[PDB]
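Right, one structure below, let's go through it.
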Amino acid sequence: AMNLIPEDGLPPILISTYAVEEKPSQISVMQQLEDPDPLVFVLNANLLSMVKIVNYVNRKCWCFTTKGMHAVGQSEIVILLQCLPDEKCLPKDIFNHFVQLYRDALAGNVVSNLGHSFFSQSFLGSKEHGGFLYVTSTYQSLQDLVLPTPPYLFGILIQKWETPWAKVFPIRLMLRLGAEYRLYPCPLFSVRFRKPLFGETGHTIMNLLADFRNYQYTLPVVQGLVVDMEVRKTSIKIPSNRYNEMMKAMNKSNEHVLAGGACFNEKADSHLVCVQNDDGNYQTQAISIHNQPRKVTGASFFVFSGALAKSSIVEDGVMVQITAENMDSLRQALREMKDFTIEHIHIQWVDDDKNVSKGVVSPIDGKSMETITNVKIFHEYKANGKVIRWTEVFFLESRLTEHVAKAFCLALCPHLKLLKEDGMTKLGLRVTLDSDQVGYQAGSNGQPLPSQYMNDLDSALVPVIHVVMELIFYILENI
């Protein structure tokens with residue numbers, strides 16, 4: 001029911017008439033793969049997986065994608081598994097992993113950019129296959145790939161020895177993979193049976209900033225915070241919508257030390273890499289977008305010490321020593337949300353960090369959601385064999401939202417079967433509240449909902465309603 005992958009054989013195949021073919025022939029599936037459109041597999045009634053052989057960055061790959069993760073508050077997943085020389089069967093373990101990820105999302109545990117998944121049993125034929133590191137594509141090629149609707153993440157297969165880095169400092173692993181394959185910032189494909197890029201964590205400077213034994217804590221991270229290194233200039237760029245995240249990090253620090261992890265700096269032409277040698281000792285290296293002389297280089301962490309301004313690079317991060325007075329001055333400016341200047345050292349409050357992914361549109365009218373704030377929902381109604389779920393809300397700029405959500409779902413419950421059969425699976429409700437006006441709009445597939453449901457929607461929403469807000473709903477199959 002929740003898992004249609006059998007003990008022996010492939011999961012059912014989906015055919016456009018839609019029809020389902022249970023236990024498909026592995027010979028026919030392999031034949032079809034060696035001849036535009038991907039094969040569609042049914043992992044469950046709400047989760048599909050597309051498979052296609054692609055020539056990606058001069059490597060023959062298995063392109064595995066998902067459809068159904070959005071309905072459970074998770075980004076769709078893409079795995080580009082490099083082919084083993086003359087691979088006979090389809091690598092089924094990917095399907096098992098996709099189902100596990102679906103179960104996790106249903107329980108409230110989702111994977112995001114630089115997130116991870118670890119394995120309990122052996123995976124893809126080796127016990128040294130530790131998990132996946134999820135990335136959002138930045139500069140990597142997407143050349144003739146049949147991709148899901150955004151948001152989607154690329155799952156990169158990682159070794160058991162790289163697992164402490166994915167948990168504690170995933171940006172280091174991401175960038176180290178990029179250095180290894182000569183791709184900026186990291187490859188989007190997965191390679192089985194490769195040698196681990198990290199061994200025992202040893203005497204890394206990270207021991208001082210994170211917990212490798214028990215993984216109780218790590219570096220405080222501020223989403224969108226980047227470190228720019230230039231000739232005689234070091235800058236920490238904090239997004240203006242992240243004041244509270246910065247304040248929480250400042251209160252979780254010493255009076256003499258201000259440390260933090262950094263995000264991937266998209267605007268940089270290069271990024272610092274930490275390489276571990278065969279002896280277990282570390283080195284500082286760097287990777288570049290064009291291999292042109294480095295102008296703006298990103299760093300993976302920053303440390304400010306009020307014990308001296310003087311700066312250094314330690315592994316893949318920046319270490320700055322300032323006077324105790326300059327530390328009090330810096331801490332004061334940050335509390336006032338002001339910029340601070342100290343070779344030059346800058347702490348600048350920059351443009352808001354976009355929560356929403358690129359290419360995300362409204363199901364109502366196709367308006368872009370890229371510059372709109374997003375709140376995922378983990379807290380559904382069943383009717384006519386179907387399920388209606390409220391997965392998220394966008395604040396175009398909690399008590400009312402929850403009431404608006406229930407009223408919308410209840411009004412549509414007698415109609416869930418008719419909506420699904422007619423192609424209306426992803427639905428949206430936009431509520432407007434102004435001093436003068438107070439109104440609502442509903443839709444699916446970039447069109448209004450059929451007129452026959454509007455009387456039912458009015459009678460349920462009007463009492464509740466009588467600030468722009470857009471709620472997302474999904475109609476699923478009851479499992």
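By order of appearance in the structure tokens: chains A, B, ..., then residues from 1 within every chain, and ligands from 1 in the order shown.
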
Practice prompt. Give the helix (DSSP H, G or I) residues of stretch 228-466 of chain A, as DSSP finds them on the backbone, and put them as a PyMOL selection string.
Written response: chain A and resi 240-251+324-335+399-421+451-465

Those residues you just picked out, can you put them in a file as a PDB file, in the first residue's frame with C-alpha atoms?
```
ATOM      1  CA  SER A 240      18.151  41.729   6.430  1.00  0.00           C
ATOM      2  CA  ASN A 241      15.318  39.174   7.155  1.00  0.00           C
ATOM      3  CA  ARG A 242      17.720  37.119   9.376  1.00  0.00           C
ATOM      4  CA  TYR A 243      18.172  39.544  12.351  1.00  0.00           C
ATOM      5  CA  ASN A 244      16.553  37.020  14.823  1.00  0.00           C
ATOM      6  CA  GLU A 245      18.751  34.120  13.593  1.00  0.00           C
ATOM      7  CA  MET A 246      21.850  36.345  14.100  1.00  0.00           C
ATOM      8  CA  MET A 247      20.574  37.441  17.599  1.00  0.00           C
ATOM      9  CA  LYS A 248      20.020  33.788  18.655  1.00  0.00           C
ATOM     10  CA  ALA A 249      23.603  32.934  17.442  1.00  0.00           C
ATOM     11  CA  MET A 250      25.072  35.940  19.397  1.00  0.00           C
ATOM     12  CA  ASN A 251      23.321  34.747  22.629  1.00  0.00           C
ATOM     13  CA  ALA A 324      37.964  43.651  23.228  1.00  0.00           C
ATOM     14  CA  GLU A 325      36.603  47.226  22.584  1.00  0.00           C
ATOM     15  CA  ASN A 326      36.130  46.588  18.825  1.00  0.00           C
ATOM     16  CA  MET A 327      34.245  43.334  19.825  1.00  0.00           C
ATOM     17  CA  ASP A 328      31.810  45.358  22.087  1.00  0.00           C
ATOM     18  CA  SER A 329      31.464  47.942  19.280  1.00  0.00           C
ATOM     19  CA  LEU A 330      30.775  45.133  16.710  1.00  0.00           C
ATOM     20  CA  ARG A 331      28.227  43.362  19.025  1.00  0.00           C
ATOM     21  CA  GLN A 332      26.426  46.746  19.645  1.00  0.00           C
ATOM     22  CA  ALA A 333      26.163  47.585  15.865  1.00  0.00           C
ATOM     23  CA  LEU A 334      24.712  44.079  15.177  1.00  0.00           C
ATOM     24  CA  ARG A 335      22.082  44.513  17.960  1.00  0.00           C
ATOM     25  CA  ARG A 399      -5.084  31.809  14.064  1.00  0.00           C
ATOM     26  CA  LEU A 400      -6.957  33.106  10.951  1.00  0.00           C
ATOM     27  CA  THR A 401      -4.777  31.020   8.507  1.00  0.00           C
ATOM     28  CA  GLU A 402      -5.686  27.739  10.361  1.00  0.00           C
ATOM     29  CA  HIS A 403      -9.424  28.665  10.253  1.00  0.00           C
ATOM     30  CA  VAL A 404      -9.228  29.709   6.535  1.00  0.00           C
ATOM     31  CA  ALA A 405      -7.442  26.341   5.785  1.00  0.00           C
ATOM     32  CA  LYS A 406     -10.124  24.163   7.509  1.00  0.00           C
ATOM     33  CA  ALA A 407     -13.024  26.081   5.863  1.00  0.00           C
ATOM     34  CA  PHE A 408     -11.422  25.641   2.367  1.00  0.00           C
ATOM     35  CA  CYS A 409     -10.772  21.834   2.836  1.00  0.00           C
ATOM     36  CA  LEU A 410     -14.277  21.201   4.342  1.00  0.00           C
ATOM     37  CA  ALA A 411     -16.065  23.077   1.506  1.00  0.00           C
ATOM     38  CA  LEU A 412     -14.155  20.974  -1.091  1.00  0.00           C
ATOM     39  CA  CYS A 413     -14.462  17.538   0.714  1.00  0.00           C
ATOM     40  CA  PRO A 414     -17.788  16.524  -1.030  1.00  0.00           C
ATOM     41  CA  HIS A 415     -16.011  17.331  -4.365  1.00  0.00           C
ATOM     42  CA  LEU A 416     -12.463  15.782  -3.981  1.00  0.00           C
ATOM     43  CA  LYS A 417     -13.227  12.893  -6.414  1.00  0.00           C
ATOM     44  CA  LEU A 418     -14.625  15.209  -9.155  1.00  0.00           C
ATOM     45  CA  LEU A 419     -11.673  17.621  -8.734  1.00  0.00           C
ATOM     46  CA  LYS A 420      -9.024  14.818  -9.024  1.00  0.00           C
ATOM     47  CA  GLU A 421     -10.734  13.171 -12.077  1.00  0.00           C
ATOM     48  CA  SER A 451     -18.228  27.798 -11.072  1.00  0.00           C
ATOM     49  CA  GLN A 452     -20.352  24.941  -9.504  1.00  0.00           C
ATOM     50  CA  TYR A 453     -18.077  24.953  -6.371  1.00  0.00           C
ATOM     51  CA  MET A 454     -18.043  28.755  -5.805  1.00  0.00           C
ATOM     52  CA  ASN A 455     -21.369  28.837  -3.878  1.00  0.00           C
ATOM     53  CA  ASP A 456     -19.950  26.192  -1.487  1.00  0.00           C
ATOM     54  CA  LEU A 457     -16.664  28.157  -1.123  1.00  0.00           C
ATOM     55  CA  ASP A 458     -18.460  31.500  -0.434  1.00  0.00           C
ATOM     56  CA  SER A 459     -20.715  30.111   2.354  1.00  0.00           C
ATOM     57  CA  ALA A 460     -17.659  28.549   4.156  1.00  0.00           C
ATOM     58  CA  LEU A 461     -14.997  31.303   3.712  1.00  0.00           C
ATOM     59  CA  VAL A 462     -17.156  34.510   3.975  1.00  0.00           C
ATOM     60  CA  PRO A 463     -18.020  33.957   7.753  1.00  0.00           C
ATOM     61  CA  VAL A 464     -14.280  33.291   8.539  1.00  0.00           C
ATOM     62  CA  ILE A 465     -12.787  36.232   6.497  1.00  0.00           C
TER      63      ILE A 465
END
```

Discussion item. Just want the 7 Å neighbourhood of stretch 223-236 of chain A, counted on only C-alpha atoms, with same-chain residues fewer than 6 positions away dropped. Output as number ranges by chain.
Written reply: A: 262-265, 295-299, 343-348, 353

For the residues selected in the previous step, produce a file with C-alpha atoms as a PDB file, in the first residue's frame.
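Contents of the output file out-v2.pdb:
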```pdb
ATOM      1  CA  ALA A 262      28.617  30.230   6.005  1.00  0.00           C
ATOM      2  CA  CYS A 263      26.327  29.316   3.056  1.00  0.00           C
ATOM      3  CA  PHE A 264      27.518  28.777  -0.565  1.00  0.00           C
ATOM      4  CA  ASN A 265      28.397  32.224  -1.948  1.00  0.00           C
ATOM      5  CA  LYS A 295      38.653  38.127  -7.420  1.00  0.00           C
ATOM      6  CA  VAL A 296      35.933  37.215  -4.842  1.00  0.00           C
ATOM      7  CA  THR A 297      36.523  33.927  -2.936  1.00  0.00           C
ATOM      8  CA  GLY A 298      33.890  32.387  -0.654  1.00  0.00           C
ATOM      9  CA  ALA A 299      34.755  30.848   2.775  1.00  0.00           C
ATOM     10  CA  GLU A 343      43.072  45.840   4.920  1.00  0.00           C
ATOM     11  CA  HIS A 344      39.300  46.225   5.641  1.00  0.00           C
ATOM     12  CA  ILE A 345      36.783  44.008   7.478  1.00  0.00           C
ATOM     13  CA  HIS A 346      33.031  44.596   6.839  1.00  0.00           C
ATOM     14  CA  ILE A 347      29.791  43.274   8.438  1.00  0.00           C
ATOM     15  CA  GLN A 348      26.968  44.355   6.141  1.00  0.00           C
ATOM     16  CA  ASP A 353      17.341  35.753   1.748  1.00  0.00           C
TER      17      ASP A 353
END
```

Worksheet item: How many Å separate atom CA of residue A:142 from atom CA of residue A:87?
Response: 24.0 Å

Fill in: Shell around residue A:136 at 7 Å using only C-alpha atoms, local window under 2 positions removed, as an NGL selection string
:A and (113 or 138 or 153-154)

Can I get the selected residues back with N, CA, C and O atoms, as a PDB file, in the first residue's frame?
```pdb
ATOM      1  N   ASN A 113      18.323  21.703   1.122  1.00  0.00           N
ATOM      2  CA  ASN A 113      19.639  21.965   0.547  1.00  0.00           C
ATOM      3  C   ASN A 113      20.702  21.779   1.638  1.00  0.00           C
ATOM      4  O   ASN A 113      20.542  22.279   2.760  1.00  0.00           O
ATOM      5  N   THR A 138      23.302  25.067  -8.964  1.00  0.00           N
ATOM      6  CA  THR A 138      23.681  26.464  -9.126  1.00  0.00           C
ATOM      7  C   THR A 138      24.288  26.665 -10.517  1.00  0.00           C
ATOM      8  O   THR A 138      23.597  27.152 -11.403  1.00  0.00           O
ATOM      9  N   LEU A 153      15.835  18.628  -5.471  1.00  0.00           N
ATOM     10  CA  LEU A 153      17.188  18.485  -4.938  1.00  0.00           C
ATOM     11  C   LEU A 153      17.874  17.348  -5.635  1.00  0.00           C
ATOM     12  O   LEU A 153      17.222  16.383  -5.996  1.00  0.00           O
ATOM     13  N   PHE A 154      19.188  17.439  -5.790  1.00  0.00           N
ATOM     14  CA  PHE A 154      20.019  16.386  -6.353  1.00  0.00           C
ATOM     15  C   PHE A 154      20.671  15.635  -5.199  1.00  0.00           C
ATOM     16  O   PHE A 154      21.350  16.250  -4.379  1.00  0.00           O
TER      17      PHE A 154
END
```

Item to complete: Would you please extract all strand (DSSP E) residues from stretch 12-252 of chain A, as assigned by DSSP on the backbone, and give them as a ChimeraX atom specification?
Response: /A:13-15,19-21,39-44,47-56,59-67,76-82,116-118,129-135,152-159,189-190,226-230,233-239

Discussion item. Using only C-alpha atoms, which protein or nucleic acid residues come within 8 Å of stretch 422-426 of chain A? Drop anything in the same chain fewer than 2 positions from it, and give the result as a list in words.
Written reply: residues 363, 418, 419, 420, 428, 444, 445, 472, 473, 474, 475 and 476 of chain A

Cut-off 10 Å: closest stretch 272-322 of chain A/stretch 190-197 of chain A atom pairs per residue, using only C-alpha atoms, as JSON lines:
```
{"residue": "A:275", "atom": "CA", "partner": "A:197", "partner_atom": "CA", "distance": 8.0}
{"residue": "A:276", "atom": "CA", "partner": "A:197", "partner_atom": "CA", "distance": 7.4}
{"residue": "A:277", "atom": "CA", "partner": "A:197", "partner_atom": "CA", "distance": 9.1}
{"residue": "A:278", "atom": "CA", "partner": "A:197", "partner_atom": "CA", "distance": 9.9}
```

Export N, CA and C atoms of the chosen residues as a short mmCIF file (atom, residue, chain, number, x, y, z; two decimals), in the first residue's frame?
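The new file part32.cif reads:
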```
data_model
loop_
_atom_site.label_atom_id
_atom_site.label_comp_id
_atom_site.auth_asym_id
_atom_site.auth_seq_id
_atom_site.Cartn_x
_atom_site.Cartn_y
_atom_site.Cartn_z
N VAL A 275 41.08 20.04 2.13
CA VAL A 275 41.52 18.72 1.69
C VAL A 275 42.23 18.00 2.86
N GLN A 276 41.86 16.73 3.11
CA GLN A 276 42.53 15.89 4.10
C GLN A 276 43.47 14.97 3.33
N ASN A 277 44.76 14.96 3.72
CA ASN A 277 45.81 14.13 3.11
C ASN A 277 45.81 12.72 3.71
N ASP A 278 46.54 11.78 3.08
CA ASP A 278 46.65 10.38 3.53
C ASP A 278 47.09 10.21 5.00
#
```

Discussion item. Set the distance at 8 Å and use only C-alpha atoms: which residues neighbour residue A:199 once local chain neighbours fewer than 5 positions away are removed? I'd like the list as a ChimeraX atom specification.
Written reply: /A:161-162,276,280

Discussion item. When you look at residue A:170 with a cut-off of 10 Å (counting only C-alpha atoms), what residues show up, excluding the ones that are within fewer than 5 positions of it in the same chain? I need them as a ChimeraX atom specification.
Written reply: /A:113-116,133-135,162-165,175-176,263,300

Would you export the selected residues with N, CA, C and O atoms as a PDB file, in the first residue's frame, please?
```pdb
ATOM      1  N   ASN A 113      18.323  21.703   1.122  1.00  0.00           N
ATOM      2  CA  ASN A 113      19.639  21.965   0.547  1.00  0.00           C
ATOM      3  C   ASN A 113      20.702  21.779   1.638  1.00  0.00           C
ATOM      4  O   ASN A 113      20.542  22.279   2.760  1.00  0.00           O
ATOM      5  N   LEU A 114      21.737  20.981   1.308  1.00  0.00           N
ATOM      6  CA  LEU A 114      22.855  20.556   2.157  1.00  0.00           C
ATOM      7  C   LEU A 114      22.387  19.643   3.285  1.00  0.00           C
ATOM      8  O   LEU A 114      23.145  19.366   4.203  1.00  0.00           O
ATOM      9  N   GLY A 115      21.174  19.100   3.146  1.00  0.00           N
ATOM     10  CA  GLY A 115      20.606  18.101   4.044  1.00  0.00           C
ATOM     11  C   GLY A 115      21.216  16.737   3.763  1.00  0.00           C
ATOM     12  O   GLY A 115      22.087  16.616   2.895  1.00  0.00           O
ATOM     13  N   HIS A 116      20.787  15.700   4.489  1.00  0.00           N
ATOM     14  CA  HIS A 116      21.356  14.368   4.322  1.00  0.00           C
ATOM     15  C   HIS A 116      20.385  13.236   4.640  1.00  0.00           C
ATOM     16  O   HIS A 116      19.405  13.417   5.362  1.00  0.00           O
ATOM     17  N   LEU A 133      23.918  13.276   0.149  1.00  0.00           N
ATOM     18  CA  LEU A 133      24.035  14.706   0.447  1.00  0.00           C
ATOM     19  C   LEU A 133      23.169  15.400  -0.614  1.00  0.00           C
ATOM     20  O   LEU A 133      23.399  15.203  -1.809  1.00  0.00           O
ATOM     21  N   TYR A 134      22.154  16.172  -0.184  1.00  0.00           N
ATOM     22  CA  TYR A 134      21.250  16.861  -1.113  1.00  0.00           C
ATOM     23  C   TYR A 134      21.709  18.266  -1.447  1.00  0.00           C
ATOM     24  O   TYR A 134      22.041  19.038  -0.548  1.00  0.00           O
ATOM     25  N   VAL A 135      21.728  18.600  -2.741  1.00  0.00           N
ATOM     26  CA  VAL A 135      22.136  19.930  -3.204  1.00  0.00           C
ATOM     27  C   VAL A 135      21.122  20.515  -4.149  1.00  0.00           C
ATOM     28  O   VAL A 135      20.392  19.780  -4.813  1.00  0.00           O
ATOM     29  N   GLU A 162      32.568   9.902   5.063  1.00  0.00           N
ATOM     30  CA  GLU A 162      32.182  11.295   4.772  1.00  0.00           C
ATOM     31  C   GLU A 162      30.950  11.736   5.574  1.00  0.00           C
ATOM     32  O   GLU A 162      30.681  12.928   5.685  1.00  0.00           O
ATOM     33  N   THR A 163      30.210  10.770   6.122  1.00  0.00           N
ATOM     34  CA  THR A 163      28.993  10.921   6.924  1.00  0.00           C
ATOM     35  C   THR A 163      29.174  11.925   8.128  1.00  0.00           C
ATOM     36  O   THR A 163      28.275  12.753   8.313  1.00  0.00           O
ATOM     37  N   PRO A 164      30.291  11.941   8.926  1.00  0.00           N
ATOM     38  CA  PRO A 164      30.394  12.963   9.996  1.00  0.00           C
ATOM     39  C   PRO A 164      30.382  14.397   9.444  1.00  0.00           C
ATOM     40  O   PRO A 164      29.802  15.278  10.076  1.00  0.00           O
ATOM     41  N   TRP A 165      30.958  14.610   8.228  1.00  0.00           N
ATOM     42  CA  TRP A 165      30.986  15.906   7.548  1.00  0.00           C
ATOM     43  C   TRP A 165      29.611  16.336   7.017  1.00  0.00           C
ATOM     44  O   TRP A 165      29.272  17.500   7.170  1.00  0.00           O
ATOM     45  N   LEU A 175      31.851  20.960  -1.475  1.00  0.00           N
ATOM     46  CA  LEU A 175      32.984  21.604  -2.140  1.00  0.00           C
ATOM     47  C   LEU A 175      34.161  20.679  -2.396  1.00  0.00           C
ATOM     48  O   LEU A 175      34.839  20.841  -3.410  1.00  0.00           O
ATOM     49  N   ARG A 176      34.395  19.699  -1.501  1.00  0.00           N
ATOM     50  CA  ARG A 176      35.471  18.717  -1.650  1.00  0.00           C
ATOM     51  C   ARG A 176      35.184  17.784  -2.830  1.00  0.00           C
ATOM     52  O   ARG A 176      36.114  17.415  -3.548  1.00  0.00           O
ATOM     53  N   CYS A 263      27.045  29.956   4.153  1.00  0.00           N
ATOM     54  CA  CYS A 263      26.327  29.316   3.056  1.00  0.00           C
ATOM     55  C   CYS A 263      27.180  29.441   1.788  1.00  0.00           C
ATOM     56  O   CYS A 263      28.151  30.206   1.780  1.00  0.00           O
ATOM     57  N   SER A 300      33.891  29.015   4.172  1.00  0.00           N
ATOM     58  CA  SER A 300      32.893  28.128   4.775  1.00  0.00           C
ATOM     59  C   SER A 300      32.528  28.455   6.227  1.00  0.00           C
ATOM     60  O   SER A 300      31.467  28.027   6.696  1.00  0.00           O
TER      61      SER A 300
END
```

Practice prompt. Please provide the set of residues having any atom within 9 Å of residue A:99, restricted to only C-alpha atoms, with same-chain residues fewer than 6 positions apart removed, written as a PyMOL selection string.
Written response: chain A and resi 2-3+43-44+47

Worksheet item: Pick the closest to residue A:238 from A:337, A:48, A:303, A:111: which is it, counting only C-alpha atoms?
Response: A:337

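Distance check against residue A:290 using only C-alpha atoms: of A:105, A:387, A:183, A:468, the minimum falls on A:183.
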
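Proximity ranking of A:379, A:467, A:441, A:155 relative to residue A:397 places A:467 first, based on only C-alpha atoms.
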
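With only C-alpha atoms as the basis for measurement, A:10 is the residue among A:427, A:205, A:39, A:10 that approaches residue A:90 most closely.
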
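Put simply, atom CA of residue A:78 is 26.4 Å away from atom CA of residue A:261.
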
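Remark: for residue A:260, the closest of the candidate residues A:210, A:307, A:4, A:289 is A:210 (distances computed over only C-alpha atoms).
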
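Minimum atom-to-atom distance to residue A:361, evaluated using only C-alpha atoms, belongs to A:151 out of A:120, A:305, A:151, A:76.
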